[PDB]
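Shown below, as structure tokens, is a lone chain in the form deposited in one PDB entry; questions about how it binds or moves come after it.
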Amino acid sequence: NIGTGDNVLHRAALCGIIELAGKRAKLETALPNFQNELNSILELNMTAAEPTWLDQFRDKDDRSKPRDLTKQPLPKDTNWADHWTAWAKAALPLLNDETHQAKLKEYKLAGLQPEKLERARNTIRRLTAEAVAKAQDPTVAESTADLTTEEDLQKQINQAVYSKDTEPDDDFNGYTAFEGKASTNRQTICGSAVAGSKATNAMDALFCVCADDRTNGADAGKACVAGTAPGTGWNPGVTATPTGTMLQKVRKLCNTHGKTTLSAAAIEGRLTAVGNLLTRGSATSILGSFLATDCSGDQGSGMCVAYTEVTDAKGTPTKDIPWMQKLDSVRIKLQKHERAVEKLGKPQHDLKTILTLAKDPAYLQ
């Protein structure tokens, strides 16, 4: 018969999911950013430019004001419109003569007389073109990795766990278990050898696996605990939908008090643990201790949740069980993010190198 601690294995696997929710899942690493370095290289290039080039960025009436492109349209026989935004950003502080001199000193160009500045400028123009070319990576720009944020991943985790973008508070305010579909009795809610559960997310699955009820506190209702049953008072034959107080008595078995570093490997391992614990039968697969007939909570029956999407003839948990597929999608996005972090480190290092060379007076000559 099912008794104290018999579902510790399944509780551990499901709490490995629940612990990821809320705002607890955190990315190891942000995508490398090198815009600062690119902007500095472009500004250094503008600082080294001939005065007549910087003058193109000035208003014709006030040399300290940036050129207005309605007042002074860009010539259509050039490609200047293709580059103006970046050039104007580099030029803006330099329109002030004192700031231009301060930038000359910052970039180690202030010691150069005209012919030596021309020599340096030739190298700088080459280095700057190389920086712009290297800072392009069409395989990352606008990709999944670039468009996906940590907040986006957290919301998707909360969708898998709670069917909501945010984790319910300790009273489960705003949340209705089983999507409002609970009815009849525990085995109707949690499933059986022939029918699936009404649980669409991980938290309601955990509730089916671990909640005590009015009739099993002496035995099966201790399946997920050490000694004291959770004490939900759930009475699904009378009131099918558990209250928020009941849900929280089960959620507090899980680690909701810290953070988790999001990695694809960490999600993969958690999904593999849950997925392979599913016991495949002819019409359903069962998560949790099961001895006979259904997941009714009786010590001779089961403390479990059942799925019809996966059986001994069909189905893959991470594709066919919606909440698991949602988390697998997070895994895939993390794989893309991790590859983008590796790839973007290259232009980051390249641009730091170029800035070093561009500030090296001997190299420039």
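Basically, rigid core = biggest C-alpha set you can superpose within 1.5 Å across the two forms. All residue numbers are counted from 1 along the displayed sequence.
Note that the form deposited in another entry isn't included here; everything after this is about it.
Core-based superposition between the shown form and the other one leaves all of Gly269, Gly231, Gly180, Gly111 but one with CA shifts under 2 Å; the exception is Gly111. Core-superposed comparison between the shown form and the other one: the CA of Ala145 exceeds or equals a 2 Å shift.
In that other deposited form, the Cα-Cα separation between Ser143 and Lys134 shrinks by 3 Å or more relative to the displayed conformation. Wider separation of the C-alpha atoms of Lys326 and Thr144, by 3 angstroms or more, is seen in that other deposited form than in the present form.
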